[PDB]
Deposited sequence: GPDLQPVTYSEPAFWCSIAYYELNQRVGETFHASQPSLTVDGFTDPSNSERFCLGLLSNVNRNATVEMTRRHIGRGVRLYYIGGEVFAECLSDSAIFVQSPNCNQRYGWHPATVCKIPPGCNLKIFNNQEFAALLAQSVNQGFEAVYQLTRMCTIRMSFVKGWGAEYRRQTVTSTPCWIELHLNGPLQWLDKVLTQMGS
């Protein structure tokens, strides 16, 4: 057996996974989205396939700054896609902040979404174009394209160049979104490098 395993692809049961963080620690289980629309909020429903409720997640190493920020998440953010493009809507009373390398390519730019705004955060056509442009740049170049399939968002507090908090590990409440569809296409290119 000098050949490798035949690679097969099955459609993901979830179009994205979301991991919640407080400062630099994972908090709670990873949320998986089986529906085209979902909301990440600060409430306490643990059994809604369309709601990732952060208010019920406990953290015994949590300080008062994180505790106060959690109370301001409120209605949180609505995440849903149309076609090959993903977007985020701020339902909360406080703003939300987004770091999307796929959006920066069009590299740490953090964008505010004021309460009530509807903003786009991903375009799969521009990712495929970049993925096509990256195959010429080597294996390690394409391998680091995972950053384009992941989107980080912070509630209430911002971070980056325009803020005292330099990194996302300094924000009290943030999430990391993984786009499973594009990750599969990236997987097929990586296996062919």
- Item | Missing stretches, numbered from 1 on the deposited chain sequence and kept in order | 107 to 110, 198 to 199
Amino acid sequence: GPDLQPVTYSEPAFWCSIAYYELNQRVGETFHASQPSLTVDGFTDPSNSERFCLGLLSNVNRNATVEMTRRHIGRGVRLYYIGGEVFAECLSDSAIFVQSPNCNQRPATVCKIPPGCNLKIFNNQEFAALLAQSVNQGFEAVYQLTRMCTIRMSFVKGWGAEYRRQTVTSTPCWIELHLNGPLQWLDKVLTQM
From here on, numbers count along this sequence of modelled residues.
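We call the rigid core the largest set of C-alpha positions that still match within 1.5 Å between the two forms.
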- Once the rigid core is lined up, would you tell me whether 136 to 144 or 47 to 55 has the higher RMS CA deviation in 6 other deposited structures of this protein? 136 to 144
- Once the rigid core is lined up, would you tell me whether 68 to 76 or 118 to 126 has the higher RMS CA deviation in 6 other deposited structures of this protein? 118 to 126
- Looking at the deposited entry, does 110 to 118 or 89 to 97 carry the larger mean Cα B-factor? 110 to 118
- Query: Out of 55 to 63 and 130 to 138, which stretch has the higher average CA B-factor listed in the record?
  - Reply: 130 to 138
- Highest Cα B-factor in the PDB entry belongs to which of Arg164, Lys157, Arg26, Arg147? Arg164
- Message: Considering every modelled residue of the chain and its Cα B-factor in the PDB entry, is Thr30 in the lowest, middle or highest third?
- Response: lowest
- Thinking about Cα B factors across the chain, which third does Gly74 belong to? middle
- Message: Can you tell me whether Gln125 has a C-alpha B-factor in the lowest, middle or highest third compared with the other modelled residues of the same chain?
- Response: highest
